[PDB]
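Throughout, protein chains are lettered first and strands after them, A, B, ... in sequence-line order, and every chain is numbered starting at 1.
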Amino acid sequence: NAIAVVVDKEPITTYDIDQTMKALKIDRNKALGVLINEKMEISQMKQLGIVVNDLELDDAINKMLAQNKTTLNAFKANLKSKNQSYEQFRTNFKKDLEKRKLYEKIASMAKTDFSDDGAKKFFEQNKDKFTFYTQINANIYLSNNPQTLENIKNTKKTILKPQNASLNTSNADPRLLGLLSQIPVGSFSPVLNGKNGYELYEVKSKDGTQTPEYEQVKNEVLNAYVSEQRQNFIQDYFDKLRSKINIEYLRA
Amino acid sequence: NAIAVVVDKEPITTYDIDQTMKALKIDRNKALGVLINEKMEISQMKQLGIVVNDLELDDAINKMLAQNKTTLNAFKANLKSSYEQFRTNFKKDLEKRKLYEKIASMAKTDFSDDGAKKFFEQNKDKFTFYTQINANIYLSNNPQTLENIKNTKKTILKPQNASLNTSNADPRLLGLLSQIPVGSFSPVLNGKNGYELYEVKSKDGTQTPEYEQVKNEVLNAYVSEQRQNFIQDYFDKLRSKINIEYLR
């Protein structure tokens, strides 16, 4: 209808704000915030030469199909029932990929610390994110066949009977405690190597000191430390950008 | 407290029954059933000549310690949370394993591919196949180091990451590895002694396996099922043959 905001030089119309207010449960200045950030991304996409082919797009579609254990035809039938169009799907999927290429590119610009002391210090600063329970009770399922336990982590229907372990600090190895403490009440662990054969744990309850401990978590802190460095650099990159660009509201 | 039931001359007491109801949170009749089974096994160890002498016991422990690259003393301190308890339980676990191997050996198990194929048909979804599998490989000229990596999971040290597929790998390795959960280890294998494989990625090409792709896996599952069904039936029969007295 009329132009409400120009970002760099890219216009944002009252129509955009309107149609965007609809797309979410949000609204200007929320719809306005989204639109402002979308224009920043599009402009960075141009400057960094971000682009997605039809072949990249199609290749990405297939990979999503496999990851979801489906097929194009089946995925296309499901969509039909959603009364949603394949063509729309492709369009929206493409934009997600462009955005993903953009954030990959941006993150490739950063200098990441992978040092042991870097991580430790990150640990000491964020111990809360690594709290393990001291007492965990769960249903354990056992089998010689790991695929029969897999069919339970996916298919929640099963035989035969689970045991009910009360994993005390001395009832079992603390790595597993750390593992299950993540898993939410009700949900399954991965299928694990066990003494006799394979094991699957369905947590029933989690209590305990919430105790922490490094070296027993070395691998988790490093991923989180690195994840956070990525997130911050990306954020920082856009803060600095939100500062350097002209955002003008119009008499609209 | 007081003797409630006698199984082939092994007594089960109120204290045992009330205390087993505790460690398992099950009812009187279900606790009884557990202790009865325990006494049945003890009775069978006598009939089947099952015994673990101190010599064999000390050897099994030493070899357990050798594997984990540890030592009696180190292992004794690590236990601070008893050693004699550990020993007697280690012994009982071993007596039990020998018991079940002897019983399983009385089954006339079918080891034929003919039988395994019939099992396969009725159990297809219990086996999978991926044409692409990414795995950490740990090679050692020593079976013990590898076995400890599997149990401990502590690097010792750096594995070769391999992207295995149908051009690259024996179809028996892919059949094997296809069953292993991402994150989990294969058994220790020899090419020779030996190789351990650590599964990082599959799917990577899911497919319905042909019997021939997964036959070792199928065959092992088929043998295990026959053995467990024989052992289970063996104790159900014994349940109504062995001499049991209840109070009153």
Side-chain angles (χ1 to χ4, degrees), chain A residues 62-68 70-71 134 137 139-152 154-155 158-159 162-166 169-170 172 174 176 178-179 188-194 197-201 218-219, chain B residues 23 78-79 81-82 85 93 96 100 119 123-132 147 149 151 153 155 176-187 198 202 204-207 209 214 217-218 220-225 227-228 232:
Chain A
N62 302 328
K63 286 178 178 183
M64 177 243 92
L65 300 185
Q67 290 158 2
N68 302 347
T70 187
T71 305
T134 311
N137 297 276
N139 300 318
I140 321 187
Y141 286 92
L142 298 179
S143 168
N144 61 95
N145 187 327
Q147 278 317 298
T148 79
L149 303 180
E150 283 298 348
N151 301 344
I152 298 168
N154 299 127
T155 295
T158 176
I159 333 180
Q163 290 171 351
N164 271 346
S166 298
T169 183
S170 56
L176 194 164
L179 164 56
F188 288 93
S189 68
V191 172
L192 301 189
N193 291 303
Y198 299 96
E199 327 177 329
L200 178 64
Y201 296 80
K218 207 160 181 176
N219 203 40
Chain B
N78 172 273
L79 294 175
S81 32
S82 147
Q85 301 176 339
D93 288 348
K96 195 199 164 210
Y100 287 105
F119 177 88
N123 289 275
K124 271 204 169 193
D125 63 46
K126 301 187 187 309
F127 309 93
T128 181
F129 190 83
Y130 295 84
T131 57
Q132 291 173 282
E147 190 68 63
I149 297 173
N151 287 151
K153 292 145 200 169
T155 61
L176 194 148
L177 295 187
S178 289
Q179 316 311 317
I180 282 63
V182 335
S184 300
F185 286 83
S186 70
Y198 178 26
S202 321
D204 321 20
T206 195
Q207 269 185 12
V214 289
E217 310 318 304
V218 176
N220 290 338
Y222 177 48
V223 161
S224 299
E225 198 188 65
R227 283 176 177 160
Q228 256 313 331
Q232 170 84 70

If you compare all heavy atoms of [X] against all heavy atoms of [Y], which two are closest, and at what distance to 0.1 Å?
X	Y	result
B:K126	A:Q147	O-CB, 2.9 Å
A:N193	B:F185	ND2-N, 2.8 Å
B:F127	A:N145	CE2-ND2, 3.8 Å

Taking the side chain as everything from C-beta on, heavy atoms only, tell me whether B:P181 gets closer than 4.5 Å to A:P146.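 Answer yes - side chains close enough.
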
If I take atom CZ from residue B:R227 and atom CG from residue A:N144, how far apart are they, to the nearest 0.5 angstrom?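 So the CZ of B:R227 and the CG of A:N144 are separated by 11.5 Å.
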
Tell me if a side-chain donor or acceptor on A:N151 pairs with a main-chain N or O of B:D125 at a distance below 3.5 Å.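 Yes; at least one donor-acceptor contact below 3.5 Å.
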
